[PDB]
Amino acid sequence: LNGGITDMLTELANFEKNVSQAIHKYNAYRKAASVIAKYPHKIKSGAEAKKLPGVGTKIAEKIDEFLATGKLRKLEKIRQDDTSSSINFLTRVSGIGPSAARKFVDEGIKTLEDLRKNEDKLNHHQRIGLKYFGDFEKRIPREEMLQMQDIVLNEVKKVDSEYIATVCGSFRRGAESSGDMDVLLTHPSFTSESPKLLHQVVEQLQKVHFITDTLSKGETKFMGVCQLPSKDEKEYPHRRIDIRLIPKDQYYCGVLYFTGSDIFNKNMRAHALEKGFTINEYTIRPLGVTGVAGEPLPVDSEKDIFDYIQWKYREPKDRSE
DNA sequence: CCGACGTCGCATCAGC
DNA sequence: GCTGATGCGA
DNA sequence: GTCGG
Ligand SMILES: Cc1cn([C@H]2C[C@H](O)[C@@H](COP(=O)(O)NP(=O)(O)OP(=O)(O)O)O2)c(=O)[nH]c1=O
Ligand SMILES: [Mg+2]
Ligand SMILES: [Mg+2]
Ligand code: NA
Ligand code: NA
C-alpha cells in the first residue's frame, strides 16, 4: 500500500548498512519501513507518517519529496554511483559484509564476475556464498521444508534415539515458505551444569549427502548448506541450514526464541518484565525487588514459560505478534 | 543534549 | 604460539 | 535516524 515508500526506505536501509557502515541508521530505516508496511491507509503526507513510532522528521521530509516527485534525489544519485552501488551489491554474497565489500571495490573488484576471477582473495565462507549466490536468495516452499524435516529427524534419531530435535523458525509457525532451516538440538546427557554431540549429527547428514558444505562449525553451532536429493525432474536449490546444540535446561527457552516471530518475542519479553520476570534465549529468571535477577527457573516444556508469566499458552500458528 | 539502538558463536585477523 | 579484536550472520 | 531520559 505504500510499497513505493517502504522500498524507498528499504533501499536507504541497505546503503546505511552496506556503504555508510551505520548499523543503527539501517535499523532505523527498517523500523520505519515495518511500521509503515502495517499502516492500513495510503499515506498522503510526511506529517501523517510522522505519527508512527519510528518515523521522525528526516523520514517525513523524504516521504514529502517522494510523494511530490515520485523519487528521492539522494537515492537517485547513490543508485547511479559506481562505487556505492557496487559496495552495496557485493554484500549480497553471504560472508562478504560491508567491510569486505569496501576492500574489494577499492581494489577494483566490483562484480560477481570479478569475484569469480579472484577466488584466492575469498575466504571459505565467501566462496560458498559465491558458489550459491542465486540459491541463497530463493525462498523455500513448505513442501520442501517438510521433506527436509523428514530427513533431519530421521538422521538425528538414527545417530542416537535420545536426541531431541525441533525445526523452529518460520517453519514451526506454519509459514507457506521459509528463508532457511533452523534446527535446535539437545540430548539428555547435555545440561548447563554439565561432547561430540553436534559433530556426530553433522557427520551423519553429511554421510547421506544432505549437508553439502560448511560455513562454520564448533561444539554448539553449525552453519552450513544442504540440498534435497534429486527426484527426471530438475535438482533442488542449495539451502541454508543451521543446527544448534542447546543444554536441556535451556532447550525450551531456545525453542521458543528461535520460533519467534521477531515482534512476538518483543511483546512476550516486555510482558514478562512487567510480571517481574526476565527472559532471554537461555533462561527465564525472577526479577527481585531492587531489580536483581536470581537463579534461572526450571523449564520442561514451552508452556512452562507461559505459566510462569501467566500467559495463555500459544500455538506457534498464532505467534505472529 | 546526547547515548542506546540484541547479543553471541565462530572464523580469521592484528598484536604481541 | 597465544589472546583479544573485528567482521559476519542471524 | 528516532526516541527518550
Ligand atoms: C533475526 C531475528 C530472529 N529472531 C528469532 C525469531 C525468528 O523467527 C527466529 C529465526 O530467525 P530467522 O531465521 O532470521 N527468521 P524466520 O526463521 O522466522 O523466517 P525466515 O528465516 O525469514 O524464513 O529467530 C529474533 O528474535 N530477532 C531477530 O532479529
Ligand atoms: Mg559510518
Ligand atoms: Mg529461519
Ligand atoms: Na515521531
Ligand atoms: Na554478505
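Per chain, numbering begins at 1; letters A, B, ... match sequence-line order. Just so it is clear, the values below take in all heavy atoms, side chains as well, and ignore hydrogens, waters and symmetry mates.
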How many Å lie between CE on A:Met8 and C1' on D:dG1, as a whole number? 13 Å
Using a 4.0 Å heavy-atom cut-off, does A:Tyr282 contact any base of the nucleic acid, only the sugar-phosphate backbone, or nothing at all? sugar-phosphate
Using a cut-off of 4.0 Å on non-hydrogen atoms, how would the nucleic acid contact of A:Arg269 be classed: base, sugar-phosphate, or nothing? nothing
Kindly check if the number of other-residue, nucleotide or ligand heavy atoms within 6.0 Å of CD (A:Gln80) is above 12? yes
From the options A:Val152, A:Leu153, A:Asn154, A:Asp160, select the one residue that forms a side chain to side chain contact (heavy atoms under 4.5 Å, CB included) with A:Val156. A:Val152
Check every strand shown and say whether A:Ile23 touches a base, only sugar-phosphate, or nothing at a heavy-atom separation below 4.0 Å. nothing
Would one find a side-chain N or O of A:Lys221 under 4.0 angstrom from OP1 or OP2 of B:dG9? no
Give the nucleotide from the list B:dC10, C:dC8, D:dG1 with an atom nearest to the side chain of A:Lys25. D:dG1
Gap between atoms CE and P, on A:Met223 and B:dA11 respectively (whole Å): 10 Å
Please report the distance, rounded to the nearest Å, between NE2 in A:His24 and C1' in D:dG4. 16 Å
What's the NZ-P distance between A:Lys31 and B:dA4, to the nearest Å? 16 Å
Which part of the nucleic acid does A:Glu219 contact within heavy-atom distance under 4.0 Å: base, sugar-phosphate only, or nothing? sugar-phosphate
Interatomic distance, A:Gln126 CD vs B:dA11 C1' [rounded to whole Å]: 11 Å
Taking the side chain of A:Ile59 as its heavy atoms from C-beta onward, which of B:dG6, C:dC8, D:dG1 lies nearest to it? D:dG1
Assign A:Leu52 to base, sugar-phosphate, or nothing according to its heavy-atom contacts below 4.0 angstrom with the strands shown. sugar-phosphate
Run the salt-bridge test on A:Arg102 and A:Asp106 with the 4.0 Å N-O cut-off and return the result as yes or no. yes
Just to be sure I understand the rule, does A:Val93 reach a base, reach only the sugar-phosphate, or reach nothing, if contact means heavy atoms closer than 4.0 Å? sugar-phosphate
Rounded to whole Å, how long is the line connecting atom CD1 of A:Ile243 with atom P of C:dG9? 20 Å
Would you say a side-chain N or O of A:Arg30 is under 4.0 Å from OP1 or OP2 of D:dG1? no
Do the rings of A:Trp311 and A:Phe264 sit parallel, tilted or perpendicular, given the 30° and 60° boundaries? parallel
Expressed as a whole number of Å, how far does the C1' atom of B:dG6 sit from that of C:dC8? 15 Å
Does CD in A:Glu107 sit with more than 12 non-hydrogen atoms of other residues, nucleotides or ligands closer than 6.0 Å? yes
Checking contacts here: which listed nucleotide (D:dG1, C:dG9, B:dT12) is nearest the side-chain heavy atoms of A:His124? B:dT12
Tell me: CZ of A:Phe133 to P of C:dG9, nearest whole Å? 12 Å
Testing A:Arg30, A:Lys62, A:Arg79 for salt bridge (charged side-chain N to carboxylate O under 4.0 Å, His left out) with A:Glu11, which one passes? A:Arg79
Under 4.0 Å, heavy atoms only, any strand: does A:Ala100 hit a base, just the sugar-phosphate, or nothing? sugar-phosphate
Polar side-chain contact A:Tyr26-D:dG1 base: donor and acceptor under 3.5 Å: no
Does a nitrogen or oxygen in the side chain of A:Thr220 sit under 4.0 Å from OP1 or OP2 of B:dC10? yes
Would you mind reading off the distance between A:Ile87 atom CD1 and C:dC8 atom P, rounded to a whole angstrom? 12 Å
Which part of the nucleic acid, if any, lies within contact of A:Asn123, taking any heavy atom under 4.0 Å across all strands shown: a base, the sugar-phosphate backbone alone, or nothing? sugar-phosphate
Among C:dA10, D:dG1, C:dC8, the one nearest any side-chain atom of A:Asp242 is C:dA10
